[PDB]
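*Asks:* First the structure, which I've put down as structure tokens, then a few questions once you've had a look.
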Amino acid sequence: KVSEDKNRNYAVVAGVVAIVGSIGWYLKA
Amino acid sequence: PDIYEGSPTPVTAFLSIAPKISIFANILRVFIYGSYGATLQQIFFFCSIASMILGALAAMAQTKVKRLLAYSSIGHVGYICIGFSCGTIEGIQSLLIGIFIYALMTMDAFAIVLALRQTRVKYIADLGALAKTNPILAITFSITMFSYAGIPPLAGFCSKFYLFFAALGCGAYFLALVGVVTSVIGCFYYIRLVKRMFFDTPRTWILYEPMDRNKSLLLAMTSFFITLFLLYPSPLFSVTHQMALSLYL
Amino acid sequence: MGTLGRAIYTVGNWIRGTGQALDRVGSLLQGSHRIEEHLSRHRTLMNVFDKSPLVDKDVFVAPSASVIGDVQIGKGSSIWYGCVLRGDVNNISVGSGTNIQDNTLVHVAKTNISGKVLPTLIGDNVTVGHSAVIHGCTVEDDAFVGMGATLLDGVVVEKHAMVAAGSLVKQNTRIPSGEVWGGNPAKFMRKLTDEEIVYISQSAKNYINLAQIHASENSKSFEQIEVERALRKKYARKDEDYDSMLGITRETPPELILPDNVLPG
Amino acid sequence: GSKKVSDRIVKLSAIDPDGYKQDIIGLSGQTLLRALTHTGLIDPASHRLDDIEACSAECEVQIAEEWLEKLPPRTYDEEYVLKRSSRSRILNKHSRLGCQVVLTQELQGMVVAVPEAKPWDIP
Amino acid sequence: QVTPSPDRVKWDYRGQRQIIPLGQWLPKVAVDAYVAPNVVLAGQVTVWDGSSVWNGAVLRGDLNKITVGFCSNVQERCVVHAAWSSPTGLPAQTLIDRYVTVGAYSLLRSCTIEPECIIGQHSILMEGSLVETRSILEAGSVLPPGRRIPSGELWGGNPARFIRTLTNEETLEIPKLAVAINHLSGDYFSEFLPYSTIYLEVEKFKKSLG
Amino acid sequence: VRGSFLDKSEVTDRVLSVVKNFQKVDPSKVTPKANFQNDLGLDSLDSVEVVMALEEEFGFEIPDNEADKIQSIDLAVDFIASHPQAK
Amino acid sequence: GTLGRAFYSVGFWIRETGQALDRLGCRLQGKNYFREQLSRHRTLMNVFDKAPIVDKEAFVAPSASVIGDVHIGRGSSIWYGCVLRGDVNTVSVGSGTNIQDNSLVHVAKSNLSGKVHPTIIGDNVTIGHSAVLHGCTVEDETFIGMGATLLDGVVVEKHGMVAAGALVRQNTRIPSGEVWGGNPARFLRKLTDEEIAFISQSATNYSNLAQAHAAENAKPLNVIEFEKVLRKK
Ligand SMILES: C/C=C/C(=O)SCCNC(=O)CCNC(=O)[C@H](O)C(C)(C)COP(=O)(O)OP(=O)(O)OC[C@H]1O[C@@H](n2cnc3c(N)ncnc32)[C@H](O)[C@@H]1OP(=O)(O)O
Ligand SMILES: CCCCCCCCCCCCCCCCCC(=O)O[C@@H](COC(=O)CCCCCCCCCCCCCCC)COP(=O)(O)OCC[N+](C)(C)C
Ligand SMILES: CCCCCCCCCCCCCCCCCC(=O)O[C@@H](COC(=O)CCCCCCCCCCCCCCC)COP(=O)(O)OCC[N+](C)(C)C
Ligand SMILES: CCCCCCCCCCCCCCCCCCCC(=O)O[C@H](COC(=O)CCCCCCCCCCCCCC)COP(=O)(O)OCCN
Ligand SMILES: CCCCCCCCCCCC(=O)SCCNC(=O)CCNC(=O)[C@H](O)C(C)(C)COP(=O)(O)O
Ligand SMILES: [Fe+3]
Ligand SMILES: [Zn+2]
């Protein structure tokens, strides 16, 4: 129901932010 | 040679490349940008000839891989310093081209050496039957050797071409003589490795552990560059002409 | 945990659904020719004809072994990888401290061609070598059966007797005490020296010790397997010089150390 | 079976750097180095081939002249390797490269001295 | 008395583990070697590049090292074992060198097989025995402890005896047979992805039980 | 050139002299094959004495589990003539 | 054919990708159960399109290995530990034939020694424990003694018998009614009529025993054993 590893969740957020920010960086340049 | 052999192999790989870049930057900006003149170009002239001869002979004497690569690098810095000696925009450009290409070839060679150090490669003879136990690795290492020998159309052919281009024009027929002899000696001791991996049938084989992803990717890219650089060499040619000009303007 | 945890779990559910859909599409592209791997249906111990194997507490039975029907195995014995003990039409009895080596077949008969049909009786402290075939015969205590040997119905191997590796022992042959027989057909070769009797005993006890480490490893759960995988990876190499710089001494964990009775010394 | 490993076994004695004598075993037709590596008297990892081109005298042994007469004379390359590998750059007259000595039935009972191991494992 | 345990596993859903570690002794399999799914490798076993181990074979390195060399094959239902020591006094590891074809149903214990040999089907090689390079053993051969097969010869029988000397063409054929068997093993290797999907079956079997 | 073993002839002469001048050995039974106990009238204490004398003259210690085999002059010379620690 | 193999290969790419995606999804949820070492043994295994065709009335022990193009007839039985590999050529087993525990029925792995012969086993055949059959033909109502080895090109004619532990050399023909044994296999004696009766009756008994073992193995997997293995400590 829930992923409990907090550090893993934060790393997942960081990877998602990297991917989305890279897409936006390409798009707006 | 002693420091290169005795240091940990990653140290040897790092020392083989970066300090040369930095110190040639320094040499260009001190001497080329300064002024005592013909004396110093003669310094580098005599040291280039001495380095080519001694590197070729000593490398021919070596039975171990690291020492062979060390003496090979000594010979190649002789080839490179020929460009500094002739004191022209094309001389500086050729010196820069030689450093770039030697650095990428050395990176390729030391990626292979580091991959093989997982099974403690020490002697040239330890490469026996490599064309059987890892065919694509034996081919990759063979391309590096032929590039080191300067066989066209591999990237290594650029340094040989400028060595003779600088001698014939400046009138240096003794330098051209020395270049021919030392190039042939170098080709012999480079193709000795290819013979060991492809022609020999030893009684005992050494089976090597496969390399990690990092070294495989680096090797793959440097191997495409070495084989295919002379199909599209314009960016290096332009960037190095730019750099040679920027020293004075 | 929390809202972020729940959202990541839901996204993982979506990714899993997509992955299994891609696997199904790839299976369709292969023309459905690939027979799918499935849950293991092999039973190490199985009933047949309402006969259950009687196996002592401290018996190593390799998971890949097949013990079927009316089979009795005594204390300290060991059944190794790929062994088949099929006690379906008759009884199989294995004594104490007896090893049945890898890929061995033991079977019985309901009725022999002639004579009194007898069960398969393997005594105490018996060594049976790899890939042997034991069929409806009797091996008495402290006997040795070589690897790849075949014993046919009614064969009796007496106490302190040896059947050489590769031998074919014809039906009703008797191997007397103190002799070694071999060949195809098996025949008398020579007497057994006292040192060879000591060897046979040594074989049996060495196997008793080997069975312990194999039984311990084969019975480990998933979690312990993972723990020991990580521990093995951590201690596979060393940098004792950097440890001395740190002033520490790394010790091998006890779950990676074998008992001394199985070490070569 | 009319052909046994015992037909090729060569009885040998080796004196370790501590001076203690050990009875070791090797096959005829194989090198003295292999016989020495069987029991770890010489580290097998330090000399993995039996080739002079892969030798830095890690296989070096000292043999008395009574057994030296029963061996072929040292080649120029062997003496070169031995001399350069010497700390004092002096050629020992009783030194042999173990990788270049092939065991024969005539070497039954040969006594060999194994010197202290040289560093071999280049960083 | 035969006193059983109520907790002994009758059916193990995982099946027999292929890789059996023994303390720190972990079997080592090259990434380009084929090992059949039901093979058991235990303890000090090394399987090198290009080699193959086929269905039902057992390689148990709990008393000594077991090595399968470059481009060698151990075929169906072979058992390879080793002992602490050999009667010959030489080290008792089982060494299968390169380009060696070990026929199906063969039993090897603390033997050495030199490069480029063929072991016939249903053969037995005992403690301390030695097969020299470029030799062939006929099917059903029995090599007693410490016996030797001289190089370049064809042997056979129970016990094995000299039959004839091999021709050079025959000895040239041996590495070809090893290479062909490696080529066949490639087809089996290509049938297995890096992971199985059994864990999904385990998952649903668990869910149906709550 | 530098060697590692004493010459056989030198070791033979050295051991022969050591046995000849020992205490109770007339220099007439001392042959390069003579046995200590059977042919020299020496008891076990005296044979141990002689072996210990062999140690001083060649400057190194002979293992206790090896001295039990040196019973004559030939076995002695066989031992010291090939031992690298001999000087 | 070649197109079939191309699609089979591409299919593996898609499957590899999907399974990796599933593992990623499990990792995001903190599950490591895909790391479990579970047996990849398949009782029936295909090699591309070469797949075993097994009659519904034939017993195949779960631990047996049937690989490639292998045909098993009605009332036949493949016992525990058996290995049957027809890949370079085919293997066919007739009706009412028992292949006993730990037996090996396979074909030549390579055509180096000539064309690879198939293995043909007729009807009501008995193949003893730990026998080796390699590219041979075994006609109806014959007996192969256990631990015997039959090499390629061998033909065992009807009512032929191969004694236990025999080594029948390549291309040997075993005539009808004859008992051959030893290494190499040689004529021993003629078969008696009682032995023919035992051949037939032993085969019929094996088909009934097969039935019993197939019913035993077909029972549902016990969930108590599963829970015991799961909850171990
Ligand atoms: C630590 C683990 C312990 C264990 O569990 S060990 C289990 C695995 N190992 C085994 O099963 C192998 C046991 N040892 C043996 O079987 C062995 O052979 C054996 C122990 C009979 C015999 O080995 P030997 O070294 O003692 O052989 P012999 O000295 O007696 O030779 C006699 C003779 O028999 C012949 N020979 C001997 N061995 C055999 C055979 N077997 N068959 C046929 N013929 C043979 C041989 O040719 C010989 O020459 P000829 O007669 O003139 O021809
Ligand atoms: C239903 C339609 C939707 C289908 C979506 C499919 C999209 C999938 C696209 C593939 C993305 C591939 C990304 C490759 C990176 C692998 C990320 C990963 O492995 O996750 C890891 C690690 O994750 C990270 O550290 C950062 C990367 C995660 C970010 C990318 C996740 C991809 C899916 C997005 C899920 C988050 C979306 C919601 C966020 C709130 C989980 O943690 P650990 O198990 O501890 O890692 C062990 C080490 N190892 C990497 C080998 C597995
Ligand atoms: C003309 C140049 C001047 C002269 C120099 C010549 C230098 C070479 C000497 C020639 C003599 C003969 C050389 C023989 C080499 C050919 C064999 C070979 O290299 O095959 C390799 C093939 O090596 C390669 O991988 C080469 C890859 C280079 C890629 C270059 C192509 C770039 C675009 C292609 C796009 C992808 C493919 C498109 C179609 C699918 C196989 O390697 P293995 O070690 O046998 O096995 C590999 C493992 N596995 C098969 C399982 C994957
Ligand atoms: C110019 C000639 C033609 C060239 C061709 C150009 C084409 C572009 C190249 C395309 C690359 C194809 C493959 C892309 C997919 C692979 C993605 C890498 C996966 C990854 O994360 O790799 C990690 C390791 O990092 C790595 O392995 C990455 C590091 C690799 C080294 C290269 C970069 C180093 C820095 C720059 C060097 C420049 C030198 C030049 C002077 C983890 O890997 P894993 O998960 O398998 O675990 C390894 C056990 N630890
Ligand atoms: C500077 C000095 C420092 C150290 C001084 C130490 C002084 C120690 C004084 C006491 C030593 C002893 O008596 S220690 C005791 C010695 N006593 C015995 O051994 C009695 C039994 N006799 C025998 O064994 C034989 O008579 C015998 C001839 C010995 C040998 O046997 P052989 O006949 O087969 O050669
Ligand atoms: Fe050497
Ligand atoms: Zn049976």
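Each chain in the structure tokens gets a letter, A, B, ..., in the order shown, and its residues are numbered from 1; ligands are numbered from 1 in order too.
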Quick one: residues within 6 Å of ligand 6, with only C-alpha atoms and all ligand atoms, as a ChimeraX atom specification?

*Replies:* /D:52,55,57-59,97-99

*Asks:* Limited to N, CA, C and O atoms, could you put the picked residues into a file as a PDB file, in the first residue's frame?

*Replies:*
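Wrote out-v4.pdb, looks like this:
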```pdb
ATOM      1  N   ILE D  52      60.292 -18.255 -20.752  1.00  0.00           N
ATOM      2  CA  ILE D  52      61.357 -17.346 -20.344  1.00  0.00           C
ATOM      3  C   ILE D  52      60.946 -15.889 -20.551  1.00  0.00           C
ATOM      4  O   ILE D  52      61.441 -14.994 -19.857  1.00  0.00           O
ATOM      5  N   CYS D  55      59.283 -14.245 -17.218  1.00  0.00           N
ATOM      6  CA  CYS D  55      60.095 -14.651 -16.078  1.00  0.00           C
ATOM      7  C   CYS D  55      60.912 -13.475 -15.566  1.00  0.00           C
ATOM      8  O   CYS D  55      61.635 -12.833 -16.334  1.00  0.00           O
ATOM      9  N   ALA D  57      62.797 -14.238 -12.678  1.00  0.00           N
ATOM     10  CA  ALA D  57      63.526 -15.088 -11.733  1.00  0.00           C
ATOM     11  C   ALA D  57      62.733 -15.379 -10.463  1.00  0.00           C
ATOM     12  O   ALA D  57      63.318 -15.692  -9.423  1.00  0.00           O
ATOM     13  N   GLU D  58      61.402 -15.288 -10.523  1.00  0.00           N
ATOM     14  CA  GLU D  58      60.583 -15.777  -9.421  1.00  0.00           C
ATOM     15  C   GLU D  58      60.739 -17.279  -9.226  1.00  0.00           C
ATOM     16  O   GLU D  58      60.515 -17.779  -8.119  1.00  0.00           O
ATOM     17  N   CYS D  59      61.126 -18.002 -10.273  1.00  0.00           N
ATOM     18  CA  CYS D  59      61.331 -19.442 -10.230  1.00  0.00           C
ATOM     19  C   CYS D  59      62.746 -19.835  -9.828  1.00  0.00           C
ATOM     20  O   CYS D  59      63.055 -21.030  -9.817  1.00  0.00           O
ATOM     21  N   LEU D  97      67.019 -21.103 -13.336  1.00  0.00           N
ATOM     22  CA  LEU D  97      65.627 -20.693 -13.468  1.00  0.00           C
ATOM     23  C   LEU D  97      64.766 -21.949 -13.449  1.00  0.00           C
ATOM     24  O   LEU D  97      64.865 -22.791 -14.345  1.00  0.00           O
ATOM     25  N   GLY D  98      63.930 -22.080 -12.416  1.00  0.00           N
ATOM     26  CA  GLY D  98      63.121 -23.279 -12.269  1.00  0.00           C
ATOM     27  C   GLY D  98      62.198 -23.536 -13.441  1.00  0.00           C
ATOM     28  O   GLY D  98      61.867 -24.687 -13.734  1.00  0.00           O
ATOM     29  N   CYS D  99      61.772 -22.476 -14.132  1.00  0.00           N
ATOM     30  CA  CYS D  99      60.892 -22.641 -15.282  1.00  0.00           C
ATOM     31  C   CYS D  99      61.616 -23.211 -16.495  1.00  0.00           C
ATOM     32  O   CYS D  99      60.954 -23.658 -17.436  1.00  0.00           O
TER      33      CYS D  99
END
```

*Asks:* As a quick test: using only C-alpha atoms and all ligand atoms, which residues lie no more than 10 Å away from ligand 7? Give them as a list in words.

*Replies:*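 What falls inside 10 Å of ligand 7 is residues 86, 87, 88, 89, 105, 106, 107, 108, 109, 110, 133, 134, 135, 136, 152 and 153 of chain C; 100, 101, 128, 129, 146 and 206 of chain G.
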
*Asks:* Suppose you want the space between atom CA of residue D:45 and atom CA of residue E:25; what is it in Å?

*Replies:*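 For atom CA of residue D:45 relative to atom CA of residue E:25, the distance reads 19.2 Å.
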
*Asks:* Residues at most 6 Å from ligand 5, using only C-alpha atoms and all ligand atoms? Could they come as a PyMOL selection string?

*Replies:* chain F and resi 43-45

*Asks:* Kindly save the residues from that selection, with N, CA and C atoms included, as an mmCIF file, in the first residue's frame.

*Replies:*
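What ended up in part02.cif:
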```cif
data_model
loop_
_atom_site.group_PDB
_atom_site.id
_atom_site.type_symbol
_atom_site.label_atom_id
_atom_site.label_comp_id
_atom_site.auth_asym_id
_atom_site.auth_seq_id
_atom_site.Cartn_x
_atom_site.Cartn_y
_atom_site.Cartn_z
ATOM 1 N N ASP F 43 79.358 -44.292 21.117
ATOM 2 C CA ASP F 43 77.991 -44.480 21.577
ATOM 3 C C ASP F 43 77.104 -43.342 21.070
ATOM 4 N N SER F 44 75.810 -43.419 21.396
ATOM 5 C CA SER F 44 74.861 -42.427 20.893
ATOM 6 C C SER F 44 75.191 -41.033 21.408
ATOM 7 N N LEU F 45 75.608 -40.928 22.672
ATOM 8 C CA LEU F 45 76.024 -39.631 23.195
ATOM 9 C C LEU F 45 77.198 -39.078 22.395
#
```

*Asks:* Considering only C-alpha atoms, return as a PyMOL selection string whatever protein or nucleic-acid residues lie within 12 Å of residue E:30, sequence-local ones (same chain, fewer than 2 positions apart) excluded.

*Replies:* (chain B and resi 133+207-210) or (chain E and resi 27-28+32-35+45-53+67-71)

*Asks:* Under the rule of at most 7 Å, produce a per-residue listing of chain C near chain G: chain, number, name, the closest pair of atoms, and the distance in Å, as a Markdown table, using only C-alpha atoms.

*Replies:*
```
| residue | atom | partner | partner_atom | distance |
| --- | --- | --- | --- | --- |
| C:8 | CA | G:28 | CA | 6.7 |
| C:9 | CA | G:29 | CA | 5.2 |
| C:12 | CA | G:25 | CA | 4.1 |
| C:13 | CA | G:25 | CA | 6.3 |
| C:15 | CA | G:25 | CA | 5.1 |
| C:16 | CA | G:22 | CA | 4.3 |
| C:19 | CA | G:18 | CA | 4.0 |
| C:20 | CA | G:18 | CA | 5.9 |
| C:22 | CA | G:18 | CA | 4.7 |
| C:23 | CA | G:15 | CA | 4.3 |
| C:26 | CA | G:11 | CA | 4.4 |
| C:27 | CA | G:11 | CA | 6.2 |
| C:29 | CA | G:11 | CA | 5.2 |
| C:30 | CA | G:8 | CA | 4.2 |
| C:33 | CA | G:49 | CA | 6.1 |
| C:34 | CA | G:46 | CA | 6.3 |
| C:35 | CA | G:45 | CA | 6.4 |
| C:37 | CA | G:42 | CA | 6.0 |
| C:40 | CA | G:39 | CA | 6.9 |
| C:41 | CA | G:62 | CA | 6.2 |
| C:42 | CA | G:62 | CA | 5.7 |
| C:48 | CA | G:216 | CA | 6.5 |
| C:168 | CA | G:165 | CA | 6.1 |
| C:184 | CA | G:182 | CA | 6.3 |
| C:221 | CA | G:232 | CA | 6.3 |
| C:222 | CA | G:36 | CA | 6.5 |
```

*Asks:* How would the residues just chosen look if you wrote them out with N, CA, C and O atoms as a compact mmCIF listing (two decimals), in the first residue's frame?

*Replies:*
```
# COMPACT_ATOMS: atom_id res chain seq x y z
N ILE C 8 4.02 6.95 -4.78
CA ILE C 8 5.07 6.18 -5.44
C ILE C 8 4.65 4.71 -5.56
O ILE C 8 4.95 4.05 -6.56
N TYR C 9 3.94 4.19 -4.56
CA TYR C 9 3.43 2.82 -4.64
C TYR C 9 2.44 2.67 -5.80
O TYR C 9 2.49 1.69 -6.55
N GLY C 12 4.30 2.66 -8.99
CA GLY C 12 4.90 1.35 -9.16
C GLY C 12 3.90 0.32 -9.66
O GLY C 12 4.24 -0.53 -10.48
N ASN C 13 2.66 0.40 -9.18
CA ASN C 13 1.61 -0.49 -9.68
C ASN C 13 1.39 -0.28 -11.18
O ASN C 13 1.28 -1.24 -11.95
N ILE C 15 3.56 0.91 -13.36
CA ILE C 15 4.74 0.43 -14.07
C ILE C 15 4.73 -1.09 -14.16
O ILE C 15 5.09 -1.67 -15.19
N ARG C 16 4.30 -1.77 -13.09
CA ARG C 16 4.21 -3.22 -13.11
C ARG C 16 3.19 -3.70 -14.13
O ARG C 16 3.44 -4.66 -14.87
N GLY C 19 4.70 -3.31 -17.53
CA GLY C 19 5.73 -4.30 -17.80
C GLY C 19 5.16 -5.67 -18.12
O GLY C 19 5.62 -6.34 -19.04
N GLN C 20 4.16 -6.10 -17.36
CA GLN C 20 3.55 -7.40 -17.64
C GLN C 20 2.80 -7.39 -18.97
O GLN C 20 2.80 -8.40 -19.69
N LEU C 22 3.77 -5.62 -21.60
CA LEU C 22 4.84 -5.74 -22.58
C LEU C 22 5.35 -7.18 -22.68
O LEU C 22 5.66 -7.66 -23.77
N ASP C 23 5.45 -7.86 -21.54
CA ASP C 23 5.87 -9.26 -21.56
C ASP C 23 4.87 -10.12 -22.33
O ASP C 23 5.27 -10.99 -23.11
N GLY C 26 5.33 -9.45 -26.04
CA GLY C 26 6.51 -10.13 -26.53
C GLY C 26 6.31 -11.63 -26.66
O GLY C 26 6.83 -12.25 -27.60
N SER C 27 5.57 -12.23 -25.73
CA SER C 27 5.25 -13.65 -25.85
C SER C 27 4.40 -13.91 -27.09
O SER C 27 4.61 -14.91 -27.79
N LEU C 29 4.45 -12.16 -29.84
CA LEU C 29 5.33 -12.01 -31.00
C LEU C 29 6.16 -13.26 -31.24
O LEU C 29 6.49 -13.58 -32.39
N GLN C 30 6.47 -14.03 -30.22
CA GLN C 30 7.30 -15.25 -30.35
C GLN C 30 6.45 -16.42 -30.86
O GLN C 30 6.93 -17.54 -30.88
N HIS C 33 5.57 -19.96 -28.75
CA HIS C 33 6.29 -21.22 -28.81
C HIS C 33 7.00 -21.56 -27.51
O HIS C 33 7.13 -22.74 -27.17
N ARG C 34 7.37 -20.53 -26.74
CA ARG C 34 8.16 -20.72 -25.51
C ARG C 34 7.31 -21.33 -24.41
O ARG C 34 6.42 -20.64 -23.94
N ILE C 35 7.63 -22.56 -24.01
CA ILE C 35 6.96 -23.12 -22.85
C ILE C 35 7.38 -22.34 -21.62
O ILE C 35 8.57 -22.10 -21.38
N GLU C 37 8.21 -21.26 -17.83
CA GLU C 37 8.67 -21.79 -16.55
C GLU C 37 7.55 -21.68 -15.52
O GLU C 37 6.73 -20.76 -15.56
N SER C 40 7.88 -25.12 -9.07
CA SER C 40 8.45 -26.46 -9.04
C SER C 40 7.45 -27.45 -8.48
O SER C 40 6.88 -27.25 -7.40
N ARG C 41 7.24 -28.54 -9.21
CA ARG C 41 6.33 -29.60 -8.80
C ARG C 41 7.06 -30.83 -8.27
O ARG C 41 6.41 -31.83 -7.94
N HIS C 42 8.39 -30.80 -8.19
CA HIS C 42 9.13 -31.94 -7.68
C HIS C 42 8.93 -32.07 -6.17
O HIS C 42 9.07 -31.10 -5.43
N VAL C 48 3.14 -43.15 -1.99
CA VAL C 48 2.51 -43.92 -3.06
C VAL C 48 1.96 -45.19 -2.44
O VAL C 48 2.58 -45.79 -1.56
N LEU C 168 29.69 -54.60 -12.79
CA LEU C 168 28.35 -55.14 -13.02
C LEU C 168 28.27 -56.46 -12.26
O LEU C 168 28.90 -57.45 -12.65
N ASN C 184 33.09 -56.50 -15.43
CA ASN C 184 31.79 -56.73 -16.06
C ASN C 184 31.86 -58.03 -16.86
O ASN C 184 32.34 -58.03 -18.00
N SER C 221 16.34 -20.09 4.38
CA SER C 221 15.23 -19.33 3.82
C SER C 221 15.73 -18.25 2.86
O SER C 221 16.93 -18.00 2.74
N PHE C 222 14.79 -17.60 2.18
CA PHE C 222 15.12 -16.53 1.24
C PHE C 222 15.88 -15.40 1.93
O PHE C 222 16.90 -14.92 1.41
```

*Asks:* Write out as a ChimeraX atom specification the residues lying within 9 Å of residue C:187, counting only C-alpha atoms and excluding same-chain residues fewer than 4 positions away.

*Replies:* /C:167,169,175,180-183

*Asks:* May I have the selected residues written with N, CA and C atoms, as a PDB file, in the first residue's frame?

*Replies:*
```pdb
ATOM      1  N   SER C 167      31.653 -51.761 -11.750  1.00  0.00           N
ATOM      2  CA  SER C 167      31.378 -53.188 -11.806  1.00  0.00           C
ATOM      3  C   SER C 167      29.915 -53.463 -12.131  1.00  0.00           C
ATOM      4  N   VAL C 169      27.505 -56.474 -11.174  1.00  0.00           N
ATOM      5  CA  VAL C 169      27.381 -57.644 -10.315  1.00  0.00           C
ATOM      6  C   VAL C 169      26.109 -58.381 -10.713  1.00  0.00           C
ATOM      7  N   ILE C 175      29.280 -61.364  -2.518  1.00  0.00           N
ATOM      8  CA  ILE C 175      30.608 -60.785  -2.337  1.00  0.00           C
ATOM      9  C   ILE C 175      31.046 -61.078  -0.904  1.00  0.00           C
ATOM     10  N   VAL C 180      37.500 -57.767  -2.565  1.00  0.00           N
ATOM     11  CA  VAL C 180      37.106 -56.722  -3.517  1.00  0.00           C
ATOM     12  C   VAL C 180      36.758 -57.412  -4.836  1.00  0.00           C
ATOM     13  N   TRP C 181      35.602 -57.104  -5.417  1.00  0.00           N
ATOM     14  CA  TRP C 181      35.199 -57.645  -6.704  1.00  0.00           C
ATOM     15  C   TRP C 181      35.007 -56.502  -7.689  1.00  0.00           C
ATOM     16  N   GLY C 182      35.258 -56.787  -8.963  1.00  0.00           N
ATOM     17  CA  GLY C 182      35.135 -55.770  -9.988  1.00  0.00           C
ATOM     18  C   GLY C 182      35.057 -56.383 -11.367  1.00  0.00           C
ATOM     19  N   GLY C 183      34.777 -55.514 -12.337  1.00  0.00           N
ATOM     20  CA  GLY C 183      34.609 -55.893 -13.730  1.00  0.00           C
ATOM     21  C   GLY C 183      33.176 -56.110 -14.184  1.00  0.00           C
TER      22      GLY C 183
END
```

*Asks:* Tell me, in Å to one decimal, how far atom CA of residue A:8 is from atom CA of residue A:27.

*Replies:*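 Atom CA of residue A:8 sits 28.6 Å away from atom CA of residue A:27.
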
*Asks:* Extract, using only C-alpha atoms, all DNA, RNA and protein residues at most 12 Å from residue C:193, discarding same-chain residues fewer than 6 positions from it, and format them as an NGL selection string.

*Replies:* :C and (160-162 or 177-180 or 199-200)

*Asks:* Restrict the selected residues to N, CA and C atoms and save them as an mmCIF file, in the first residue's frame.

*Replies:*
```cif
data_model
loop_
_atom_site.group_PDB
_atom_site.id
_atom_site.type_symbol
_atom_site.label_atom_id
_atom_site.label_comp_id
_atom_site.auth_asym_id
_atom_site.auth_seq_id
_atom_site.Cartn_x
_atom_site.Cartn_y
_atom_site.Cartn_z
ATOM 1 N N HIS C 160 32.328 -55.577 5.372
ATOM 2 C CA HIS C 160 33.720 -55.292 5.008
ATOM 3 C C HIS C 160 34.086 -55.874 3.644
ATOM 4 N N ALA C 161 33.159 -55.795 2.697
ATOM 5 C CA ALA C 161 33.414 -56.177 1.319
ATOM 6 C C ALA C 161 33.287 -54.950 0.426
ATOM 7 N N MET C 162 33.957 -54.995 -0.694
ATOM 8 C CA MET C 162 33.993 -53.910 -1.688
ATOM 9 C C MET C 162 33.549 -54.338 -3.091
ATOM 10 N N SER C 177 33.077 -61.385 2.734
ATOM 11 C CA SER C 177 33.777 -60.425 3.580
ATOM 12 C C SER C 177 35.267 -60.397 3.265
ATOM 13 N N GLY C 178 35.832 -59.192 3.240
ATOM 14 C CA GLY C 178 37.254 -59.008 3.059
ATOM 15 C C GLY C 178 37.752 -59.038 1.631
ATOM 16 N N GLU C 179 36.866 -59.162 0.649
ATOM 17 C CA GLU C 179 37.256 -59.239 -0.749
ATOM 18 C C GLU C 179 36.775 -58.007 -1.502
ATOM 19 N N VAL C 180 37.500 -57.767 -2.565
ATOM 20 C CA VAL C 180 37.106 -56.722 -3.517
ATOM 21 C C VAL C 180 36.758 -57.412 -4.836
ATOM 22 N N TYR C 199 39.904 -47.082 5.590
ATOM 23 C CA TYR C 199 39.387 -46.162 4.545
ATOM 24 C C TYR C 199 37.833 -46.214 4.486
ATOM 25 N N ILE C 200 37.271 -47.396 4.423
ATOM 26 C CA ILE C 200 35.815 -47.487 4.307
ATOM 27 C C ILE C 200 35.150 -46.772 5.477
#
```

*Asks:* What do you get as a ChimeraX atom specification if you pick all residues at most 6 Å from ligand 1, counting only C-alpha atoms and all ligand atoms?

*Replies:* /C:127,129,146-147,164-166,182-183,203 /D:1 /E:83,144-145,158-159

*Asks:* Based on DSSP run over this structure's backbone, return all residues of stretch 19-203 of chain G in strand (DSSP E or B), as a PyMOL selection string.

*Replies:* chain G and resi 44-45+47+50+53-54+59-60+65-72+77-78+83-93+98-99+104-106+119-121+126-127+132-134+137-138+143-144+149-150+155-156+161-162+167-168+173-174+178-181+186-190
